[PDB]
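Below: one protein chain in two forms, given as structure tokens, structure 1 then structure 2.
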Structure 1
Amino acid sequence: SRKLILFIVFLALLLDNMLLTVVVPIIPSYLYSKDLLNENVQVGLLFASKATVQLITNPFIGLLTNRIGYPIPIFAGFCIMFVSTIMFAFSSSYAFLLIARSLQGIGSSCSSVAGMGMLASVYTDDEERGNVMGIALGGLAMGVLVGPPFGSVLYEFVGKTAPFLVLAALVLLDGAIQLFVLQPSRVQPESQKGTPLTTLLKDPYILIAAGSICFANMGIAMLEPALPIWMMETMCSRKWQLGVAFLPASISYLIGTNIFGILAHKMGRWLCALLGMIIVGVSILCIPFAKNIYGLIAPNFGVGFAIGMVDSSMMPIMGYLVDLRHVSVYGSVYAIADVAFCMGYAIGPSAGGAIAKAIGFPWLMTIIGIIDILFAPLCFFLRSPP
């Protein structure tokens, strides 16, 4: 009866991602007080901060779960996430909003690394692990799909402080379940010590598996903060777009994540990721020819699809490689996965702008595209000798 544990991770990934998306319709409210890709720095400093902290706290957890087990960290991540929500409920200043974003990120990392660790440690059969993760990655898409709509409508219809408090209730409810299934009472270590991080980072077959996740995420991040939505002006026609502009990413991501998780193992898992990167590159190369906001609807759909097509396939491969070559402790490797997932958001907002100053912003897209395709063929060396 391991399935129920999986359920927990699903929630741990849904609510966590609902909070970051929920603040989307509230960002312009206290932000103010001709090209389509005008860049804003105030949003940029809001996008990286959370990740800039999550990247720092990612490795420190990988060792921790080797000494005090998986449950306790998860519980801590819940607690922190609740605190963050509360801080949000009374956050009235931009600085205070940045402080809440930092703690949130901490909690996020805790949940992501510990959850995945356990989720790989419980499902030891390779195909099973594959599909289970392919399911657990869906929670990210659901959080991206529900957090922007759920909030906006309620905020205006009921109250400015409603969308946090109500959501906080669910978080509190979630805590109850964590106390019934995980039982963080007794702290115990693992059986055998894990492989030192250095050693893993000295391996090419892991480096690639981390580069594949970084490139695609880096491309999507370089686009998100530079959108006409954040621009607050009376000349703006309507805010209907705000709260739905993140649909074409999440809707495509859920299908790709649950449709290849069981399918990739049928074909070559190496083949699934290659085509993924190539299709993400093709979709990004059409972003320059937008000329209108609706012109961004077609690319993002593919973008997200391919993102899923990569993440579903790459996430298990990390655990399979550690089992085939190193000690069977999964706590540290997935930490690497997570940092490879986050670096794109950690470095996008600044570098992007810097290039936008050097050359035109469409030129930046024409570059991050080609690199992706250039990185595509070397996913062939995914078959491993040991």
Structure 2
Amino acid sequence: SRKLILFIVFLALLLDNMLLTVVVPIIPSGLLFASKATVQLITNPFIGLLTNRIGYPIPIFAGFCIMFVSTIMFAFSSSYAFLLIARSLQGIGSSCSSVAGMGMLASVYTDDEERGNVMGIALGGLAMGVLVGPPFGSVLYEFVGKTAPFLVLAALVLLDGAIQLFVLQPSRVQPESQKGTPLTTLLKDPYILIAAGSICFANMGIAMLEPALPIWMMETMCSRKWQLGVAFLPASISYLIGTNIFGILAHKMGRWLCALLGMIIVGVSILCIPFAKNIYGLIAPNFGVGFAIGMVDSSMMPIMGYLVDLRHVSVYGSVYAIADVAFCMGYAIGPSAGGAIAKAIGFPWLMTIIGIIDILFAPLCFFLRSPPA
């Protein structure tokens, strides 16, 4: 049925982010950090144009064979080249599983109201993956061994792939009934660009904040190392709550208004992080940041599907490749550019710049109220 497709997409995204986040703490044991995101950004539009040619089931199932190969390559690698190869393979997989899975979800839940909350649930998949990533990784790392986290995650990826092969049955190539509108015509749409830009700036704010916040906490607050890991918890829990609630709330409120308010709340929250003196001062603003990132993503993915349905041809592979490029731009240029700006003009000014950009971008979501057909 359809809820099994939703579960498959949720599980793919959850395992993808659990791997992406267990790799972080164990990696130490610069380019490697941005490698996955940039390779996924490169191979997003290709998958977008491919799902319209072979269908959704096959490029979503290749996303389990690529993520499984990446996972096992992480557990038995020592060299730096091999870790880079593993992270690039994870990037290609994630591209396959995010783009093809969101396309499948939009193709199956073909109703504007239902698509909202199923996108919300699939997105909360990423929050549940990031949130349960580090603890699982650590406990399995030290209580069993250094190859343990990745081999157990590989077993989980295999079980998810078994569910995939039993639900989707990717045996045969099935092209779409109608040829989807080209990628350039989509990219010339002022509304698809506004949606992608709102997702891009929200996630770039959060992706520049995550790595820059610990480097500032150890300098201003004299925080211990456990504090650095705990100070970012409100973001993930709040993103989980925000996505799961606003998938259902945004269509009653209006997706344009939910996106506008999410942008303004991300802006204000990020403008209000540098004013915190102690760790208890980074609970409320980080909560606001994560809550509003969810408020924006759970409102702007269904809108992507809707904007394609209303104006262009009903093929969702490319437009969700565009949405996933907007996602990945932030996580690719986040660490590097954020560290560069913080190393040059400081962390408070970086946060003020990001907040100003988000607040000034917010009024552009007004143009999503009633776009013409």
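Every residue number counts along structure 1's sequence, beginning with 1. Heads up, when I say rigid core I mean the largest set of C-alphas that superpose within 1.5 Å between the two forms.
With the core fitted between structures 1 and 2, just one of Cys79, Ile259, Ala89, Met231 shows a Cα displacement of at least 2 Å, namely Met231. The Cα position of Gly295 differs by 2 Å or more between structures 1 and 2 after fitting on the rigid core. Relative to the superposed core, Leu207 undergoes a Cα shift smaller than 2 Å between structures 1 and 2. Core-aligned CA deviation for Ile68 between structures 1 and 2: less than 2 Å.
Shown is the Cα shift of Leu285 between structures 1 and 2 after rigid core superposition, which amounts to 1.2 Å. For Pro163, the displacement of the CA atom between structures 1 and 2, after superposition on the rigid core, amounts to 0.9 Å.
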